[PDB]
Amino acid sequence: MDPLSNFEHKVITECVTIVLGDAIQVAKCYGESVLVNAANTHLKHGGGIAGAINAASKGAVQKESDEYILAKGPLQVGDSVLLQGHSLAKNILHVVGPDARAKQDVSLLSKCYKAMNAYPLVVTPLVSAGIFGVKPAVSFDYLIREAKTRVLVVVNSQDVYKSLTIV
C-alpha cells in the first residue's frame, strides 16, 4: 500500500524523498497529490515535463492554460498557479522557475518551492533544471531548504539521480 516500495528512491529529509522515474507515473499513484509542472510565464507547454503533462492530458492542460492566461494575464517568474489535475493528480501546480538562459534570478527558486507547502503531498520535478539551465544540485538545494510538506521530487535521469544521492 506504499507506492514507493515499487520505485527506486532515497529518503533525503523527514519531508523530502527523491525518486528515479517519471513524475507523471509517480503522481498517478497518489490520488490526493499535487503534481508540479515546471512552466514558463505564459503556460506555453512545449518541451520538457510541461509537454509531457500536456500530452498525458490529451491537450486539456494547454486549453485550460490558454484560458487562464487570457483571463488573468501572464505569471511572473517565481509565481505559481493551481489548476486542474486532469486525472493526473488532484491538481497541477504550475510553477515558473527562473530561466538562467534569460539571466533570471536563480534564488527565485525559493519562492517556487515555498508555493508547494500549501499542499500536504506534492510530486515535483527539479524546477529550472532542464531547459532553464539551472544545475540539478542547485535546484535540489533550494527544494531541501524550503520544503515544509511531504514532497516526492522525481528525476527521470539515472545520472542526475546518482549525482544527488551518492554521498
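We number the residues from 1 along the sequence you see.
Visitor: Give the stretch, out of 59-67 and 121-129, with the larger mean C-alpha temperature factor in the deposited entry.
Guide: Stretch with the higher mean C-alpha B-factor: 59-67.
Visitor: Should the higher mean CA B-factor in the entry be assigned to 33-41 or to 50-58?
Guide: Per the PDB entry, the higher value belongs to 50-58.
Visitor: Where does residue 15 sit by CA temperature factor within its chain: lowest, middle or highest third?
Guide: Top third by C-alpha B-factor.
Visitor: Ordered by C-alpha B-factor within the chain, which third holds residue 148? Give me lowest, middle or highest, please.
Guide: Answer is highest: the recorded C-alpha B-factor places it there.
Visitor: Looking at the entry's B-factor column for C-alpha atoms only, identify whether residue 90 ranks in the lowest, middle or highest third of its chain.
Guide: Middle third - that is where residue 90 ends up once the chain's C-alpha B-factors are sorted.
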